[PDB]
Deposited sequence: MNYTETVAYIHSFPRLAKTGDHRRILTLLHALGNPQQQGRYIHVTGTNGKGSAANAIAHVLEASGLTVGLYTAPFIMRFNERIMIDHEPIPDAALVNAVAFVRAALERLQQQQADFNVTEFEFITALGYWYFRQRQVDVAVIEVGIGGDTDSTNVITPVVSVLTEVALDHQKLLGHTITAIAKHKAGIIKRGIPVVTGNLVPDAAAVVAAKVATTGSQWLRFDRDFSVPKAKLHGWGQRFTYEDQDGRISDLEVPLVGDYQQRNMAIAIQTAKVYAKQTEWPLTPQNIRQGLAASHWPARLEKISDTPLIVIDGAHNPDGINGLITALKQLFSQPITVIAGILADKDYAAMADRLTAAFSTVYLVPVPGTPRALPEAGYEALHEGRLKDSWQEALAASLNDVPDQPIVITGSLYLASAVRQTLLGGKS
């Protein structure tokens, strides 16, 4: 297959649900998941950004780092990176061919054997990271924890950023139910770094670490961000933990939640470094954070005209954006919102000058309004060329804009 056919092959896999199928596949690929080192990252929100920064910091320190994240923003290849370089097209072709050949051998021994799409990609990623002999692979959990396709590893450190109800449809009706799923990535004697979890989620974690004997480092208990403020399109902040303070770090990320994610990232990188006796300096941490750009999440992509893209997709997500925009902009702005209810909107229209409401590009249109983001963008630029434009409401919308404007 060529590159186009290969990506198509990946997206063709079924939906079907222990880890027996993926473990069968990984066994045929020589159990790459049992070799090397891992950092395992979960949480309802912030797992991606934390994983990205952990990788940037460890890369600055001189490690070769695999990073497995979802979704992609510009191109599929981005889901599997080494030192923030997406898997090359030709390399993807050959890796797909290898895992395909393995799958096919298995289907000879057991006629109706198969795996899901996420199972296949995960297996491939574990195999590729081992082939290239990365020092460590930072692994973002797809959903939950315990039963996720990624959960076939013993990491050096586990991370639980936050527990909220966003994925309740799949993980349970209570915080306690969801927290139990996430706590499944906590392993015997392996340290766990968390956010300041809500009481029901903390109680689950407390009980888990009692059983595993894990060291638990908790945001706002064992580490914190005592100082933080806006500085350009980003934040200047101070990190504090058991060892003291790292002063006036800078990150090109806006949003209060990102302080927590970045503190979580710092504490994790430090834990990893300690557990593996690897040197990690304040300057390594400083350099890594400076590069910890996170595409399509409150990201300025053009100066003149001034264009910003964002993936906020829930009431609280929009509340957090509104307060951010208010801090970042004193002048009137255009907001282009495409969401998949009448809340999160209403809040927008009662906050900004021009609000346009559009469809999410890959979704059916369900029953001010424009037919496309492109039409809304063109209108604003024609009418008021110098008015900044923020496009929000959906990570998928934000990706489509980024592909068109930056590609």
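**Student:** Counting from 1 along the deposited sequence, give me every gap where there's no C-alpha, start to finish.
**Tutor:** No C-alpha coordinates exist for 18-20, 344-347, 375-385, 426-428.
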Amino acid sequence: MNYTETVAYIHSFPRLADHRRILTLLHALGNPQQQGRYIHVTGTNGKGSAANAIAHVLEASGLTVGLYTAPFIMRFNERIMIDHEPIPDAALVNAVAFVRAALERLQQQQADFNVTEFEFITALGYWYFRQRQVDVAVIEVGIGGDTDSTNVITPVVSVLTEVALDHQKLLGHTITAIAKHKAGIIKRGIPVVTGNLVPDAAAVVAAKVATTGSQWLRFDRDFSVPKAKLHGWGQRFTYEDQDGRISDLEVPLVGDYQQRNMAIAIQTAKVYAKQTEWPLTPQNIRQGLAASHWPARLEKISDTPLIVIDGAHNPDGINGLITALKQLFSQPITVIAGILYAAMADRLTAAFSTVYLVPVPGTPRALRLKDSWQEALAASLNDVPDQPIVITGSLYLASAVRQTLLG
From here on, numbers count along this sequence of modelled residues.
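**Student:** Per the record, averaged over C-alpha atoms, which has the higher B-factor: 21-29 or 7-15?
**Tutor:** Mean B over CA atoms: larger for 7-15.
**Student:** Once you work out the mean C-alpha B-factor for both 355-363 and 56-64 from the entry, which is higher?
**Tutor:** Taking the mean B-factor of the alpha carbons in each, 355-363 is higher.
**Student:** Using the temperature factors in the entry, find which of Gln110, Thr212, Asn77, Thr334 has the highest value at its Cα atom.
**Tutor:** The listed residue with the largest C-alpha B-factor is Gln110.
**Student:** From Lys169, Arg245, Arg260, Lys274, can you pick the one with the highest C-alpha B factor in the entry?
**Tutor:** Answer for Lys169, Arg245, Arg260, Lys274: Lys169, with the highest C-alpha B-factor.
**Student:** Quick check on the deposited entry: does the C-alpha B-factor of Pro191 sit in the lowest, middle or highest third of its chain?
**Tutor:** According to the entry, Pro191 has a C-alpha B-factor in the chain's lowest third.
**Student:** Lowest, middle or highest third of the chain for the C-alpha temperature factor of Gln35?
**Tutor:** Middle third by C-alpha B-factor.
**Student:** Ranked by Cα temperature factor within the chain, is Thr69 in the lowest third, the middle third or the highest third?
**Tutor:** It belongs to the lowest third of the chain when residues are ordered by C-alpha B-factor.
**Student:** If you rank the chain by CA B-factor, which third does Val251 end up in: lowest, middle or highest?
**Tutor:** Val251: CA B-factor falls in the middle third of its chain.
**Student:** When the deposited Cα B-factors of this chain's modelled residues are ordered and cut into thirds, is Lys326 in the lowest, the middle or the highest one?
**Tutor:** Highest third.
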